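Numbering follows PDB author numbering, with no gaps: position 88 of the sequence shown is 88.
Where a beta carbon is used, it is the ideal one built from N, C-alpha and C, also for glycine.
A quick write-up on the structure given underneath.
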Amino acid sequence: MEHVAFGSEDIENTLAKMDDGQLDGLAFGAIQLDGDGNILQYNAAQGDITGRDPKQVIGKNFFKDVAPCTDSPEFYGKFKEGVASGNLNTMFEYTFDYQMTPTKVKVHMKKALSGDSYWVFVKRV
Ligand SMILES: *C(=O)/C=C\c1ccc(O)cc1
């Protein structure tokens, strides 16, 4: 268990150092996306919440292929604006319901320290 609290202000600084095995030790779900919304990292707790096998979704497009329910102004729209603006820091509640039991969560989207990468953090509410 990596001790990082959800919503921590310097969270992007802390996760820069972690490799994929260390990300799996977090208490919350973590998804790293590129600016086109392709999945670069997907940790163990996220596969717990969503039922997806982390290895099988890396490389897929989150908005197109994996999670069509987030293809809406309320989620995807915020991402596209953060990517275009080059800055992103937003938290909101949402319901995941594609091919799974409808599940309410707290989502935290934030730009990653690194280049063109963005974080999507998820925890149950
Ligand atoms: C909507 O589609 C929300 C999210 C999501 C993520 C992964 C999987 O497997 C289903 C749904």
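Residue i classed as buried or exposed, judged by whether at least 16 other C-beta atoms fall within 10 angstroms
{"i": "residue 109", "result": "buried"}
{"i": "residue 15", "result": "buried"}
{"i": "residue 111", "result": "buried"}
{"i": "residue 113", "result": "exposed"}
{"i": "residue 4", "result": "buried"}
{"i": "residue 10", "result": "exposed"}
{"i": "residue 101", "result": "exposed"}
Residue from the options with nearest C-alpha to residue i
{"i": "residue 43", "options": "31, 36 and 98", "result": "31"}
{"i": "residue 91", "options": "107, 85 and 20", "result": "107"}
{"i": "residue 2", "options": "9, 12 and 18", "result": "18"}
{"i": "residue 144", "options": "98, 77 and 4", "result": "Residue coverage of the chain in this structure runs from 1 to 125, which leaves residue 144 outside it and unanswerable."}
{"i": "residue 8", "options": "89, 59, 38 and 73", "result": "89"}
{"i": "residue 123", "options": "115, 116 and 104", "result": "104"}
{"i": "residue 40", "options": "54, 5, 28 and 49", "result": "54"}
{"i": "residue 48", "options": "26, 75 and 94", "result": "26"}
{"i": "residue 58", "options": "6, 118, 33 and 5", "result": "33"}
{"i": "residue 45", "options": "73, 102 and 22", "result": "22"}
{"i": "residue 76", "options": "100, 51, 50 and 35", "result": "35"}
Integer-rounded CB distance, given that residue j should sit under 8 angstroms from residue i
{"i": "residue 28", "j": "residue 121", "result": "6 angstroms"}
{"i": "residue 79", "j": "residue 37", "result": "7 angstroms"}
Handout entry: Unbroken stretches of the alpha helix (DSSP H), 4 residues or longer, contained in the stretch 39-77
Key = 44-50 and 54-57
Exercise for the section: Please specify which runs of the beta strand (DSSP E), each continuous and at least 3 residues long, are wholly inside the stretch 6-36, giving them in chain order. Expected result: 29-34
Handout entry: Segment contact flag, the stretch 81-95 with the stretch 57-64, C-beta cutoff 8 angstroms, min 3 pairs
Key = no
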